[PDB]
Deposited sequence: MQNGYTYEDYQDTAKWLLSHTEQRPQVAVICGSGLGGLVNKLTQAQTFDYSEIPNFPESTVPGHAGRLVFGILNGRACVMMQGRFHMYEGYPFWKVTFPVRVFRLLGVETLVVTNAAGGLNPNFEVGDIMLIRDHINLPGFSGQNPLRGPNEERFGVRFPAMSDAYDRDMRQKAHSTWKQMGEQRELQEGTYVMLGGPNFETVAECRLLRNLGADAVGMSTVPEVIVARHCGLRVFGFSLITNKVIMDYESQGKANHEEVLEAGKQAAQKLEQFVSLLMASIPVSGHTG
């Protein structure tokens, strides 16, 4: 890929946003599928349709034009993405991840990512919440990477490390807060693997992914994390296990919303 955005594009978008809202969030949240209801938990919200924001990719699915919402979650100023972009919709990664770099320029310091995923870990049950401790970037293995192209030093280094991508401290807080919520099910934890999609996996692919050490599978999130870490954002996230993948040839969403809301109090600064 040849990242089509120039440094000034990001600046223009950030400048437009900074002049259209007086809010200055320190945390950005990307709402996964069916988790958009999180925006309704914000107070003093101001919304911007993706379509009106300069340089912003526009939603694909008809009748579901995305929105960027600035607001207060749990005493914390946030900027949230209601609706996201996926590689399977035809968006190259430099477009899918455009918002992450804009957030960095707005002054955001932490990125919370959430998604709905397929459970590969045999212990997982539909409705479980999995704290993402690590990921496997399959598209990245072949070069499909949002960082492809000459490096923009104003954002980060040429070869950013990913071994510490999911903040270790937030991990501990996530477990503490979960116990405070008193759930019948434990807080799951593990590796998220991303693949292109849009078709779901065959049985042989699921077995293969599980042996790769993956716990949950999806078609997003990884590109955003890579860009976030590259530009210095702290990151943490969760996968909502909406289905158990088929391994043989033979509500929960509100809980996650509450969980993310409570964790706002655990984000540094």
Ranges of the deposited sequence (numbered from 1) for which no C-alpha atom is modelled: 251-265, 285-289
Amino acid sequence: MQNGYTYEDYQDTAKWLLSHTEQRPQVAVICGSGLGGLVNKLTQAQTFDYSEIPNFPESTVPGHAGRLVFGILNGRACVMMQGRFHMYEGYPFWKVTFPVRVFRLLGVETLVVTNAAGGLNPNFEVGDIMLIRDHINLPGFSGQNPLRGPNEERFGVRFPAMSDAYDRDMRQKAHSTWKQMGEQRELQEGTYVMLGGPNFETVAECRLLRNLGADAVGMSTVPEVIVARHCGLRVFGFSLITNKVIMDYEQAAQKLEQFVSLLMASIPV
From here on, numbers count along this sequence of modelled residues.
For the higher mean C-alpha B factor in the entry, choose 114-122 or 71-79. 71-79
The stretch whose C-alpha atoms carry the larger average B-factor in the entry, 56-64 or 41-49, is 56-64
When the CA B-factors of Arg101, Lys95, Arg148, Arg84 are compared as recorded in the entry, which is the largest? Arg84
Highest-ranked of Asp169, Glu109, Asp134, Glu89 once sorted by CA temperature factor in the record: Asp169
Ranked C-alpha temperature factor of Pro223 among modelled chain residues, by third: lowest
Sort the modelled residues of this chain by their C-alpha B factor and say whether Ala14 lands in the lowest, middle or highest third. lowest
State the tercile, meaning the lowest, middle or highest third, of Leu233 with respect to the CA B-factors recorded for its chain. middle
What third of the chain does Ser239 rank in for C-alpha temperature factor, lowest, middle or highest? lowest
Splitting the chain's C-alpha B-factors into thirds, which one does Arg185 fall into? highest
